[PDB]
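A lone chain, given as structure tokens: the form deposited in one PDB entry.
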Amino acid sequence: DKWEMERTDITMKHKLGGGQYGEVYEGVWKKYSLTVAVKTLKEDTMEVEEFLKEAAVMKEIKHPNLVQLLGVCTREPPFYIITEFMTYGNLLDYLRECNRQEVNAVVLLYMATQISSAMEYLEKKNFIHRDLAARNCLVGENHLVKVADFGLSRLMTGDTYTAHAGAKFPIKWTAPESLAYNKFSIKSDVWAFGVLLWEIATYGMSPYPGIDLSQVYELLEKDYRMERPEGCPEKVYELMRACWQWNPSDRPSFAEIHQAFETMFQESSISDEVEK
């Protein structure tokens, strides 16, 4: 296997983001002076197969807006999955703490374009994402945004993936058919993407603010949808609302979504330069 490394090339430091990602540590790949992120797994565990599965998935996936695997150490008790280090952390915290004059309207469009690009790639590859949200997107330099591979699952048959029995997902990001039946399709991801667009537009506000979890499904079933946040362009809100169609088949594909954002991003860019 080309991906294998020797664990002593890595200098391990402290847990990233106060443990919000679980067992992921800042590390240094000594012979490149390169900071990295290192997912680790205790040796006393029953999750070895799942963890190797994550690695195998990471081997198959490659895209500029998906967090990149760098190497694994999987022949010795503490298993490692080493990924690139994203210096600005998760996108949700980034949006909340950022200078909004730097991270302005055009940057927001750019971030959405990047994520939609990643999702269109996954769509074509017959993958779905079980955890599409701002908190699971990572930010590097120059407003580079990548979706984390955590939550990625490949469809072996059909267009639906069923989450492990008893699974509990965050209600406010989850498509109603997924809440109801535990089925995730790429259309469920389109729903989640609409919510992510709302997280971006509001600089990291919680969705359905003030609304209690217990009411969300019924409210959605009865056509309740979040309103347009101030500052949000109408075309972006319309796309958001297209993502929140009750029937999965009425939602646009990520190909259509990415193309819409690419077009809007270009027009803003062109209009930006035209102003001198």
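In case it trips you up, residue 1 is the first one in the sequence shown, and so on. Whichever C-alpha set is largest while still superposing within 1.5 Å between the two forms counts as the rigid core.
From this point on, the text means the form deposited with a partner chain bound, which you will not see here.
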> Would residue 253 count as a contact of the partner chain in the entry with it bound, using a 4.5 angstroms cut-off between non-hydrogen atoms?
Replying inline: no
>> Contact with the partner chain in the entry with it bound for residue 173, defined as at least one heavy atom pair within 4.5 Å: yes or no?
In response: yes
>> Please determine whether residue 124 contacts the partner chain in the entry with it bound, using a 4.5 Å cut-off between heavy atoms.
In response: no
> Does the partner chain get within 4.5 angstroms of any non-hydrogen atom of residue 150 in the entry with it bound?
Replying inline: no
> Looking in the entry with it bound, is the partner chain within 4.5 angstroms of a heavy atom from every one of 164, 167 and 217?
Replying inline: yes
> Where among 41, 67, 236, 226 does the Cα move by 2 Å or more between the shown form and the other one after the core is superposed?
Replying inline: 41
>> Aligned on the rigid core, do the two forms place the Cα of residue 167 2 Å or more apart, comparing between the shown form and the other one?
In response: yes
>> With both forms fitted on the core, check whether the Cα of residue 156 differs by 2 Å or more between the shown form and the other one.
In response: yes
> Fitting the rigid core first, would the Cα of residue 76 be found 2 Å or more away between the shown form and the other one?
Replying inline: yes
> Between residue 213 and residue 164, does the Cα distance in the entry with it bound come out closer or farther than in this form, changing by 3 Å or more?
Replying inline: closer
> Are residue 41 and residue 136 closer or farther apart at the Cα level in the entry with it bound than shown, by 3 Å or more?
Replying inline: closer
